[PDB]
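Read through the structure below, which is laid out as structure tokens, and then see the notes.
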Amino acid sequence: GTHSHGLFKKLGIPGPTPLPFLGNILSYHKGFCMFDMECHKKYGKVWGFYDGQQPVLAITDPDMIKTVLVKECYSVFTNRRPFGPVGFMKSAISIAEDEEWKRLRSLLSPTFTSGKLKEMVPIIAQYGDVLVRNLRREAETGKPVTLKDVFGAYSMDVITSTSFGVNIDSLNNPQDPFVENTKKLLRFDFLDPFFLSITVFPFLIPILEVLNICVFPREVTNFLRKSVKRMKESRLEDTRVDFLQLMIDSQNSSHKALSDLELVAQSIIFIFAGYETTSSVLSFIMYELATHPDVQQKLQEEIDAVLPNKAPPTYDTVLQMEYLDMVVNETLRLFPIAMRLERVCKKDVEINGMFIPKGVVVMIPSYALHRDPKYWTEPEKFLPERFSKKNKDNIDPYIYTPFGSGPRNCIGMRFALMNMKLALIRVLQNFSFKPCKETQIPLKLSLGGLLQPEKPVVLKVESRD
Ligand code: HEM
Ligand SMILES: CC(=O)[C@H]1CC[C@H]2[C@@H]3CCC4=CC(=O)CC[C@]4(C)[C@H]3CC[C@]12C
């Protein structure tokens, strides 16, 4: 019948012996991260395992990784692992493949330049202020703050705004249908029963498509696909520096420009990529700043220096802040929320020594590499100075990859970084953050399939009066 599980040893690559049907998925009770590091402790440079009958080949040599992500990104390693029933979200850039992906990447790239980003800063800066007013109250309240709630609220405020021009306080408007629906767009947990099932029975994905059962909830994609050219139509033609307009502007004068539907797919996929990723990283950073008041006041002092008497951050004053950037990247080292980068091997190739067969998912265990002893001194420590100017080129760009690498890295990187930084500055420009003993110390990751804390982060918030 199926004859998948013989592949790696038959070519000479080590790995945990698979079970019939299951492959190695029982080994996921630990979680992706724990599983990945333990594999690297025991098989070294390269190993192989099976998500069901699907061969996954892990790699950890930096120029082999450069090779996959950059080298023949186009010729061989262009797409990611198909993962569940996707419906029309087939057209979203992150999900699209080969030429359609290359088309969308090119069509969507100009929208993410540093230029258009400088023009989005005032919009998103505004919701820094909104966050502060919303944080004042729960600080002064007395009681601890659940960070993913006040950052979830910020991330959304900033998403609706730069995506559709929609200007709302998500926190204080929880039924605004436009807020209500978009919270359901959380990140996928590939260790969920559903997805695990899908992994074992991939021959059930086409079954779900028929039934229109979809990993993006029907009701949520229905409401935004509706909102979009409710608004792409003449609320627009009254005549917005945002994502939607830039995509509209590129339907209006190379290869065939953005479809109407393909545009909505993008709008949606942007939300999905940017909402819970941003809010998560922000929680992780605020956790670190709380449990290292060493870093927190040093940063607060950098912020006041660049921005005296609560001066409002600009594009340039942000890029200026070197210790802030140090804080941001060190937290992404410890908590790379993608965990893994993956590419599907389109053809038989041999990359710096070893032959990869067509069909193998080539995987880069980012979480593991970020906590590797060979490239990192004291990997478990929160130590921003590893990213100090100098001391930071020892650092291989192919070992440290919180946003991936090559032509298919995170399109939203400069934005995500800018967005997070504008939050941090205004929040630190007004408050301090300290442990309560509801605060889990030390902090544990979920054993699940999302990089997120065991229990949500709660902290004491004080005004700098
Ligand atoms: C802290 C925030 C974020 C992190 C850490 C992050 C991380 C990542 C990673 C690791 C990848 C995979 C890249 C690869 O496989 O090499 C990715 C892809 C992607 N990200 Fe981000 N992301 C963040 C925020 C955002 C934002 C704000 C947006 C959009 C506004 C975004 C849009 C995308 C898209 C569209 C892709 C797929 C790109 C493609 O298929 O060509 N992400 N992200
Ligand atoms: C947590 C998560 O990743 C979400 C994304 C897709 C979601 C699934 C989508 C399909 C689905 C339909 C149902 O009627 C029950 C819930 C399930 C089985 C969902 C369970 C939770 C999932 C797996």
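What follows draws every value from the coordinates through simple rules; no lab data is involved. Every residue, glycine as well, gets a Cβ built from its backbone with ideal geometry; the counts of neighbours run over all protein chains shown.
Please go through (1) buried (at least 18 other Cβ atoms within 10 Å of the Cβ); (2) more than 16 Å from ligand 1 (Cβ to nearest atom) for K392 and return the number of the only condition it doesn't satisfy.
(1)
Taking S280 and the conditions (1) away from ligand 2 (no atom under 16 Å from the Cβ); (2) crowded, with 16+ Cβ neighbours inside 10 Å; (3) in a helix (DSSP H, G or I), which numbered condition does it fall short on, given that it satisfies the others?
Failing condition for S280: (1).
I'd like the full set of residues that are within 9 Å of ligand 2 (Cβ to nearest atom) and of a type in the set (G, A, S), limited to the range 174-230.
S197
Among the residues that make up the range 190-205, is at least one of them within 16 Å of ligand 1 (Cβ to nearest atom) and more than 19 Å from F88 (Cα to Cα)? Don't jump to the end; show me each part of the working.
We begin by selecting, within the range 190-205, every residue within 16 Å of ligand 1 (Cβ to nearest atom); these are 190.
Now restrict to residues that are more than 19 Å from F88 (Cα to Cα): 190.
Looking for residues that are within 16 Å of ligand 1 (Cβ to nearest atom) and more than 19 Å from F88 (Cα to Cα), one finds at least one in the range 190-205, hence yes.
Restricting the range 306-345 to residues that are of a type in the set (S, T, Y) and more than 15 Å from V427 (Cβ to Cβ), which is surrounded by the fewest Cβ atoms within 10 Å (Cβ to Cβ)?
Among them, the one singled out is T317.
Yes or no: the range 302-312 includes at least one residue that is out of contact with any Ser or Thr (no Cβ under 7 Å at 6 or more places or on another chain), basic (K, R) and closer than 30 Å to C436 by Cβ. Quick ask: steps written out before the conclusion?
Residues of the range 302-312 out of contact with any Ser or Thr (no Cβ under 7 Å at 6 or more places or on another chain): 302-305, 308-312.
Okay, now just the ones that are also basic (K, R), so 310.
Then keep just the ones that are closer than 30 Å to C436 by Cβ; that gives 310.
Yes - at least one qualifying residue is present in the range 302-312.
Exactly one of these conditions fails for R386: (1) out of contact with any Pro (no Cβ under 7 Å at 6 or more places or on another chain); (2) in a loop (DSSP other than H, G, I, E, B); (3) away from ligand 1 (no atom under 16 Å from the Cβ); (4) more than 30 Å from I123 (Cβ to Cβ). Give me its number.
Only one criterion in (1) out of contact with any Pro (no Cβ under 7 Å at 6 or more places or on another chain); (2) in a loop (DSSP other than H, G, I, E, B); (3) away from ligand 1 (no atom under 16 Å from the Cβ); (4) more than 30 Å from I123 (Cβ to Cβ) is unmet by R386, namely (2).
Does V166 satisfy the condition of being within 20 Å of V228 (Cβ to Cβ) and among the β-branched types (V, I, T)?
Considered against the rule, which asks whether it is within 20 Å of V228 (Cβ to Cβ) and among the β-branched types (V, I, T), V166 comes out as yes.
Kindly provide the set of residues from the range 438-454 that are under 21 Å from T278 (Cβ atoms), more than 16 Å from ligand 2 (Cβ to nearest atom) and in a loop (DSSP other than H, G, I, E, B), ordered by number.
As a first pass, look at the range 438-454 and keep what is under 21 Å from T278 (Cβ atoms): 443, 445-446, 448-454.
Going one step further and asking which of them are more than 16 Å from ligand 2 (Cβ to nearest atom), we end up with 443, 445, 453-454.
Within the range 438-454, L443, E454 qualify.
List the pairs whose first member sits in the range 434-463 and is closer than 20 Å to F335 by Cβ, whose second member is of a type in the set (F, W, Y) and assigned to a strand (DSSP E or B), and whose Cβ atoms are under 6 Å apart, counting only residues at least 6 apart or on separate chains?
Sorted first by the residue in the range 434-463, then by its partner, the pairs are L459/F433.
Would you confirm whether or not the range 408-420 contains a residue that is more than 14 Å from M286 (Cβ to Cβ), away from ligand 1 (no atom under 15 Å from the Cβ) and not in a helix (DSSP H, G or I)? Step through it out loud before you land on a result.
Of all residues in the range 408-420, those more than 14 Å from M286 (Cβ to Cβ) come to 408-419.
Going one step further and asking which of them are away from ligand 1 (no atom under 15 Å from the Cβ), we end up with none.
No: zero hits.
Condition (residue is out of contact with any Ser or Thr (no Cβ under 6 Å at 6 or more places or on another chain), among the polar types (S, T, N, Q), within 15 Å of ligand 1 (Cβ to nearest atom) and more than 15 Å from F415 (Cβ to Cβ)) applied to the range 108-127: is it met by at least one residue?
No; the residues of the range 108-127 include none that is out of contact with any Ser or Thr (no Cβ under 6 Å at 6 or more places or on another chain), among the polar types (S, T, N, Q), within 15 Å of ligand 1 (Cβ to nearest atom) and more than 15 Å from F415 (Cβ to Cβ).
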